[PDB]
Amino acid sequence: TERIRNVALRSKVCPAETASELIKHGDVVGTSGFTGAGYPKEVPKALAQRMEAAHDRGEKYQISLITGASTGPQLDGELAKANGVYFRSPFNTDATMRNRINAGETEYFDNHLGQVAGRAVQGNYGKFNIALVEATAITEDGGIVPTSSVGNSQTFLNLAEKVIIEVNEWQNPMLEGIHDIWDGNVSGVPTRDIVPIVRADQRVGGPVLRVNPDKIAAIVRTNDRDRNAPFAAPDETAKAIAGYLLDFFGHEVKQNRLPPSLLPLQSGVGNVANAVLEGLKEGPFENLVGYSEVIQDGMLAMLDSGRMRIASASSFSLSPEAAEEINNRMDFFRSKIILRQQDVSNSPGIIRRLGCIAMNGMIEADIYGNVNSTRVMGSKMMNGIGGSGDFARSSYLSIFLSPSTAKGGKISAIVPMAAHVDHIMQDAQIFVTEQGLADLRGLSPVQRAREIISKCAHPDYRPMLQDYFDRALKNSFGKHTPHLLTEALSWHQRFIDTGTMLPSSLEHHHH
């Protein structure tokens, strides 16, 4: 079937290589793409090539690359390989791009995902030269049907001087109808509109991105796959974490602090999220609802069994197996899923109104329960804050989940002081590791520290943590949040110098 159903736009179809020539050195480029789904593929590959060729001849060729969130090898990967990106925002998971960022070759700022559209409209990223957006289809009246994510595509389409569309025949035609795109003022000039979402299954818009066809400078016909990350099978650490979390939910229900259907759930991806979604599928709950950033394997399974009734997200993040399953049953799952603009999926007004339960990963937390989601040793970027801030602060309950150690035991995920902070104490109420669960509601910092050390810290590190804390309590400038500034960051430096946070017994250590 013909995917470009607007006859007039067919005249703008052309090869990827030619379309990529529309993108000039210094251009700010907004693209589709969120958790490895729905990013443009062929134009970025052709761009990277021409970039490398330019560079080889001593000619500068770099762009500013603003996305929904993370993309995949064909975009972030190819462009970072070509060294073709001078500035990147707001979220990346590609390893080559991460190396450019951590070497200072690509300037990076990881804005809260729900705020990116707003800040783009305010002009923070400068003037948008190009919007580059992947589509399932173009409708009879020139509407752009998105693919496996919505992200910021509508905002980029509004702002950009020129538009390039990739129509990807790999994406299932029955994605059409799954998106909800609102024409209301979510991220524009104040006063903004009330986003009137009062239930997770509510649609407020329509199925297409809107763009003036006169801005469309090229359409490229493509056929290439998203980045479908291998399924991260839960290990015993992930299963233990999930166990403690599910025990906690069951307890809150039995104490009437949560309904039996819990509240709208936001979860991440990976090992632990997968263990939690598997536990929810088997637990004593019913009629669950997702209001998250992403749809993952475990959510599909609950939508299939009827355990989950609806899942709202901005994107899919599926394994190949799960992708195949939803592709063969898009008719059924399309009725269970709403994909929203990320400035709506990550809207704090909505997250709070709905009372979402936030469940997020972390690099580390300190004994007072300040959380680092991004910067290893305080200076090396992992991925970015993403929407963890959007959700942690706005949620009914903010839960952080992590192995108690990293790097094969050589790093403790509970430290004296976090080397960088993404989520302040006030934005984190519950911590879960494979060692147990700390409930910090209503506690002072010293009381948080007693719970976090006793419930969450690994036994190999707990005596060092207790020693730091005990001595801080005796010696800190103030006793409200006790610290020893002489050693607060010394475990990290110890790791930098020696590859482990564990002390050597050839020198003294108070514990």
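Position 1 is the first residue in the sequence shown; the rest follow in order.
According to the PDB record, 315-323 carries the higher mean C-alpha B-factor of the two stretches 315-323 and 403-411. Mean CA B-factor, 131-139 versus 421-429: the higher value falls on 131-139. Going by the entry's values, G298 shows the largest Cα B-factor out of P416, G126, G298, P264. Each of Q154, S347, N256, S398 has a CA temperature factor in the record; the biggest one is found at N256. In the PDB entry, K81 places in the middle third of its chain by CA B-factor. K24: CA B factor in the highest third of modelled residues in this chain (values from the PDB entry). When the modelled residues of the chain are ordered by C-alpha B-factor, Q49 sits in the highest third. In this PDB entry, the Cα temperature factor of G387 sits in the bottom third of its chain's modelled residues, the lowest group. Sort the modelled residues of the chain by CA B factor and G58 lands in the highest third.
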